[PDB]
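Just so you know, all these numbers are worked out from the coordinates, no wet-lab data involved. Virtual Cβ from ideal backbone geometry, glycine too; neighbours counted across all protein chains shown.
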Number of protein chains: 2
Amino acid sequence: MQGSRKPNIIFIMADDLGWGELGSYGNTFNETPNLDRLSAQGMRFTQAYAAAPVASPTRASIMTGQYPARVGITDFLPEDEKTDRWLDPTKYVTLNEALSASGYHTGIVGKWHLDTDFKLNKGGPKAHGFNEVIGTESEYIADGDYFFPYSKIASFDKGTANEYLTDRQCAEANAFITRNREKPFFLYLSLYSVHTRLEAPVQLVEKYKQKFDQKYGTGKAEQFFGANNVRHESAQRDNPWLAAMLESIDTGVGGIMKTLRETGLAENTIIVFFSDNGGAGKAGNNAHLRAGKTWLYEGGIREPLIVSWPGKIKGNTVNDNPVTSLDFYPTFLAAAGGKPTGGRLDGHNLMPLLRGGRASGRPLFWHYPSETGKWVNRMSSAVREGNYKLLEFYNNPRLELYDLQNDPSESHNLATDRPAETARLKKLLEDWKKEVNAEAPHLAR
Amino acid sequence: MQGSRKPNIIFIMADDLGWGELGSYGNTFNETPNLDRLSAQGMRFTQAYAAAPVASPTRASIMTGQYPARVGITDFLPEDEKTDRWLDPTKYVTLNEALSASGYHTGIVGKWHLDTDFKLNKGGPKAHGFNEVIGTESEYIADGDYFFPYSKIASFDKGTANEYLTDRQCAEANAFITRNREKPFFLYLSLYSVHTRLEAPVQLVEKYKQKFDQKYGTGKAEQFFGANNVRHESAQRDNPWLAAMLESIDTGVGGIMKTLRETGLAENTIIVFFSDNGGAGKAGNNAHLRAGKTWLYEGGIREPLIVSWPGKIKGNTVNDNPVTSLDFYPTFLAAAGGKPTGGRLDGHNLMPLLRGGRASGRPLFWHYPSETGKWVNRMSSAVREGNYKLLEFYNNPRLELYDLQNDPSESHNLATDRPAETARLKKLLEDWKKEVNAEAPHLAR
Ligand SMILES: [Br-]
Ligand SMILES: [Br-]
Ligand SMILES: [Br-]
Ligand SMILES: [Br-]
Ligand SMILES: [Br-]
Ligand SMILES: [Br-]
Ligand SMILES: [Br-]
Ligand SMILES: [Br-]
Ligand SMILES: [Br-]
Ligand SMILES: [Br-]
Ligand SMILES: [Ca+2]
Ligand SMILES: [Ca+2]
Ligand code: NA
Ligand code: NA
Ligand code: NA
Ligand code: NA
Ligand code: NA
Ligand code: NA
């Protein structure tokens with residue numbers, strides 16, 4: 001049946017995928033032709049942020065549209081026994097629910113990480129009200145399992161011999177699209193890749209091993225990523241394993257793009273590609289940005305963001321205006337013709353910015369007391385307003401001020417030479433910490 | 001719900017798989033641990049026959065329980081334009097239908113080859129009345145396509161990146177078993193493997209390449225099965241490609257065995273493993289038997305046959321009594337508590353033989369006029385009674401008589417030295433040819 005429908009929203013989020021990994025973000029070693037095509041057909045954001053440097057909190061910010069620091073989940077959820085924290089369906093109108101109330105059929109394929117209690121799972125995707133829950137974790141994901149049978153995903157009872165998890169998740173996204181082709185749907189495709197431990201089909205690893213050898217010289221893939229290197233992690237840039245895993249994600253995104261064309265849904269479907277936090281040390285490529293996962297330096301919070309909506313969003317555009325994972329909830333609600341019912345949101349509707357509208361300045365905030373990692377040197381809070389970013393560290397207490405425009409690698413601390421800017425950003429950060437009841441860092445007394 | 005049900009019947013048939021390929025049949029190069037376990041848990045037949053040396057006719061004999069020569073399909077069905085032959089659902093009560101009438105839910109996963117007209121497909125598995133038709137050919141299978149997307153199987157619209165066809169078919173068998181666990185079912189698992197062109201996942205090919213090298217010396221896999229060898233076919237015994245394809249079949253049979261245990265169906269399920277014709281020249285291993293596919297010599301018609309029915313059939317038994325693919329229809333009907341309604345059958349109920357009963361002698365017959373292959377030297381008819389087998393050839397007209405007990409490789413023709421036995425078998429063969437209206441071979445006038 002033809003006629004106006006509210007547009008499908010497909011949200012594709014990689015796990016721990018760095019800002020410097022995609023071909024569109026300047027990477028020449030990895031191959032992401034499908035994502036680069038999605039980029040040439042959409043708007044690419046160079047200053048997109050996860051609202052936290054770790055899994056659970058960014059996922060919290062997406063499903064609640066609220067500051068992780070306000071929710072009280074600022075660090076990844078560990079195994080059940082190491083935490084009393086979970087996302088409570090009675091405490092938030094989640095994004096899937098707001099879309100349900102706007103006439104959408106809702107689906108999650110894969111990683112939740114908003115409840116690590118599997119005995120009762122009161123805060124699982126089903127309990128939050130997803131119409132379809134497909135291949136979500138059935139136990140603490142931990143170091144992972146990427147090959148059928150998937151030891152972390154009991155609900156994937158059926159599969160083929162040595163089936164790769166990324167390939168499975170992307171096939172389930174295709175079938176979900178086809179089953180639900182006739183009505184508005186929200187599909188949250190929550191990839192386990194590229195979370196350590198790094199695993200990819202041998203032929204893809206062999207391919208990037210040889211490409212590593214061609215780039216660096218004969219034997220270099222064995223020298224740096226041989227049987228010796230058990231987790232395939234190194235200080236060498238260009239990781240054949242992450243490249244092979246990113247090729248499986250990329251080929252998967254191409255299957256979804258193909259399925260949308262075939263089913264006639266491309267013209268009325270919003271496609272977002274995002275990552276929940278910065279690249280992981282010894283695995284990920286955050287380009288020239290400082291540090292990565294678990295740090296509030298740019299490398300831990302800067303993410304690839306591609307938004308495609310054919311004939312609504314101009315193709316092959318680059319947007320430098322800062323945005324965060326808080327912005328998705330109000331953006332999807334505007335596209336769905338919905339209004340937040342009582343629900344308060346800490347993000348802003350991006351649809352006017354996506355349609356070529358002029359940008360508007362707003363302070364952006366982060367808080368990482370590392371309640372789970374206990375990373376004393378990484379414990380910190382941050383405000384960005386304009387090009388200035390202020391980081392407050394709690395162990396070795398200090399302020400760091402960077403001009404991200406002139407110093408995007410955060411290599412020159414300005415706090416001392418620019419005290420009035422420092423004092424002005426400190427006041428915004430302190431006010432925000434009281435507004436959200438920011439959790440004190442876990443340090444000695 | 002517990003209580004007596006008629007037993008599930010799972011019929012697993014490989015394409016063009018030779019008598020000498022399985023570990024249980026003496027092969028040390030290939031690895032078939034799951035099938036060898038099925039063998040240690042069932043009855044293994046050393047003198048089992050396909051009723052024809054080619055695909056379509058053997059499949060005809062299975063679904064009709066009638067001599068291929070009586071049906072009028074004695075050679076494989078070519079593409080639509082090269083044939084007016086098809087199996088007509090209005091001319092036979094097919095096996096799936098006889099089981100339906102005995103209270104079974106019926107399923108085919110894969111190859112039919114009983115209709116090559118895809119414009120109308122009047123003689124397809126659905127038209128013959130299978131409740132579930134899964135991954136059947138949507139066009140002439142020809143040289144094949146073993147990797148998703150499967151160019152010969154349009155109904156496999158959904159799949160993962162570079163999914164292997166054998167792995168897919170065996171996963172679909174598992175899900176079929178699970179969906180239908182509560183009621184009696186017949187599953188015809190009709191594998192496309194190991195039909196040329198030989199294709200298998202690289203890691204399995206690499207594995208048997210190295211094993212070939214270990215057996216024959218360094219470089220020998222490249223020497224005989226390198227980039228040079230496009231179809232991976234050779235005169236060398238031990239083919240890394242067929243071994244890798246047979247390992248995928250074997251691992252698949254293990255998944256089915258596992259699924260039956262998990263679902264509690266192993267105690268009330270009959271498992272048959274069979275092959276539709278002898279191993280293919282330049283690909284298959286027919287051990288010491290003469291020739292292979294398209295010949296009525298033992299290599300073209302002798303098949304692996306393992307029947308498992310825990311606590312009804314004695315485990316780890318070897319049965320030397322001759323049986324054929326004609327025997328399946330009446331055997332499955334007896335196990336289903338059914339009686340052929342009007343339908344005439346050319347085979348015999350094996351259930352008394354499977355339960356440890358004494359064997360009974362019966363003449364067995366073949367006719368190959370090669371209406372499709374046009375193989376003038378291979379065109380022939382054959383009778384086996386006891387250990388004596390008489391072959392009649394039409395091009396270079398002659399009788400060949402072999403004592404298969406003392407001469408299983410058919411290397412010593414006895415027709416001249418044993419004229420009275422020859423004349424006696426000639427009379428049975430001629431009578432049978434008139435009984436079934438045997439099609440004259442396609443030769444010059
Ligand atoms: Br219409
Ligand atoms: Br994590
Ligand atoms: Br540290
Ligand atoms: Br200043
Ligand atoms: Br202050
Ligand atoms: Br019961
Ligand atoms: Br054939
Ligand atoms: Br010949
Ligand atoms: Br004689
Ligand atoms: Br005669
Ligand atoms: Ca993550
Ligand atoms: Ca065959
Ligand atoms: Na807990
Ligand atoms: Na809720
Ligand atoms: Na696994
Ligand atoms: Na035809
Ligand atoms: Na019929
Ligand atoms: Na293919």
Karplus ³J(HN,Hα) for the range B:366-382 (6.51 cos²θ - 1.76 cosθ + 1.60, θ = phi - 60°; Hz, whole; x = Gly/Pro) runs 9, 9, 10, x, 6, 4, 9, x, 6, 6, 4, 7, 9, 4, 5, 9, 8
Take chain B, connect every pair of alpha-carbon atoms lying under 10 Å apart with a spring to form a Gaussian network, then pick out the residue of B:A227, B:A173, B:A243 with the largest mean-square fluctuation. B:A227
Sequence order, the range B:302-319: Karplus ³J(HN,Hα) from phi using 6.51 cos²θ - 1.76 cosθ + 1.60, θ = phi - 60°, Hz rounded, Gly and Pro as x, gives 7, 10, x, 9, 10, 10, 10, 8, x, x, 10, 10, 5, x, 6, 8, 10, 10
Please give every one of the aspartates and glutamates within straight-line cross-link reach of A:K220, meaning a C-alpha to C-alpha distance under 17 Å, and leave out same-chain neighbours fewer than 8 residues apart. A:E206, A:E233, A:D238
Using Cα positions and a limit of under 13 Å, work out the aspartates and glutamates in reach of A:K339, with same-chain residues fewer than 8 apart set aside. A:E97
Per residue of chain A, what 222 nm ellipticity follows from adding -39500 (n - 2.57) for every DSSP H run with n ≥ 4, rounded to the nearest 500? -8000 deg cm²/dmol
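With a ≥ b ≥ c the root eigenvalues of the C-alpha gyration tensor of the range A:242-332, is it rounded (a/c under 1.5), prolate (a/b larger than b/c) or oblate? Let's see the in-between values first.
Numbers: a/c = 2.55, a/b = 1.51, b/c = 1.70.
It comes out oblate by the Cα gyration axes.
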I want to check the label-to-label distance for B:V318 and A:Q2. Put each point 7 Å from Cα in the C-beta direction and report it in nm to one decimal. 7.1 nm
Pseudo-label separations to other copies for B:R424 - Cα-to-Cβ vector, 7 Å, nm: 11.4
At 1.567 mPa s and 4 °C, plugging the Kirkwood radius over alpha-carbon pairs of the protein assembly as shown into Stokes-Einstein gives what diffusion coefficient in µm²/s? 42 µm²/s
Under-5 Å amide H pairs with A:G144, H placed in peptide plane, nonlocal only: A:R197
Residue-count net charge about B:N413 - beta-carbon cut-off 13 Å; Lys, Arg +1, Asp, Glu -1: -3
Tell me the Kirkwood hydrodynamic radius of the range B:9-62 in angstroms, computed as one over the mean inverse distance between distinct C-alpha pairs. 12.6 Å
Label position 7 Å from Cα toward Cβ: report the copy-to-copy distances for B:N228 in nm, one decimal, ordered from shortest. 3.6
Once every Cα of the range B:297-445 carries one equal point scatterer and solvent is ignored, give the base-10 log of I(q)/I(0) from the Debye formula at q = 0.09 Å⁻¹, two decimals. -0.35
Charge dipole of the range A:365-435 about the Cα centre (unit charges at C-beta), most positive-ward option of A:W375, A:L401, A:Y388: A:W375
Summed over the other residues with a beta carbon less than 12 angstrom from that of A:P310, with K and R at +1 and D and E at -1, the charge totals +2
I want to check the label-to-label distance for B:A175 and B:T416. Put each point 7 Å from Cα in the C-beta direction and report it in nm to one decimal. 6.1 nm
Shape call for the range A:108-208, from the Cα gyration tensor axes a ≥ b ≥ c (a/c under 1.5 means rounded, otherwise prolate when a/b beats b/c, else oblate), comes out oblate
I want to verify the translational diffusion coefficient of the range B:323-389 in µm²/s; compute it with Stokes-Einstein, Rh as the Kirkwood radius over Cα pairs, at 10 °C and 1.306 mPa s. 112 µm²/s
Using a Gaussian network for chain A with springs between C-alpha atoms less than 10 Å apart, which of these wobbles most: A:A200, A:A60, A:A175? A:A175
Gap separating the Cα centres of the range B:101-171 and the range B:370-420, nearest whole Å: 36 Å
Once you keep just the Cα pairs under 8 angstrom separated by 6 or more residues, what percentage relative contact order results for chain A? 25 percent
Tabulate in residue order the Karplus-calculated ³J(HN,Hα) for the range B:330-337, using 6.51 cos²θ - 1.76 cosθ + 1.60 with θ = phi - 60°, rounded to whole Hz; enter x for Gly and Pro. x, 5, 5, 5, 5, 4, 8, x
What is the packing order of peptides A:271-277, B:49-55, A:328-334, taking the mean over residues of other C-beta atoms within 10 Å and listing the highest first? B:49-55, A:271-277, A:328-334
Full-extension gain in nm, B:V376 to B:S234, via 0.36 nm per residue minus C-alpha separation: 48.8 nm
Return a whole-number percent for the relative contact order of the range A:3-115, with Cα pairs under 8 Å and 6 or more residues apart as the contact set. 18 percent
Pairs beyond 31 Å (Cα-Cα), from A:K211/B:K111; A:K126/A:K211; A:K82/A:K433; B:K82/B:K282; B:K152/B:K215: A:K211/B:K111; A:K126/A:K211; B:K152/B:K215
Taking each label point as 7 Å beyond Cα in the direction of the beta carbon, state the distances from B:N321 to the same residue in the other copies, shortest first, in nm. 8.4
Please express the shape of the range A:136-279 as an equivalent ellipsoid: the semi-axes are the square roots of 5 times the eigenvalues of the C-alpha gyration tensor, given largest first in whole angstrom. 31, 18, 13
What shape does the range B:8-362 take by its C-alpha gyration tensor, where a ≥ b ≥ c are the square roots of the eigenvalues and a/c under 1.5 counts as rounded, a/b above b/c as prolate, and the rest as oblate? rounded
Over the Cα atoms, compute the radius of gyration (one decimal) and Dmax (the largest Cα-Cα distance, rounded to a whole number) for the range B:379-435, in Å. 10.7, 31
For A:197-203, mean number of other protein chain Cβ atoms within 10 Å: 2
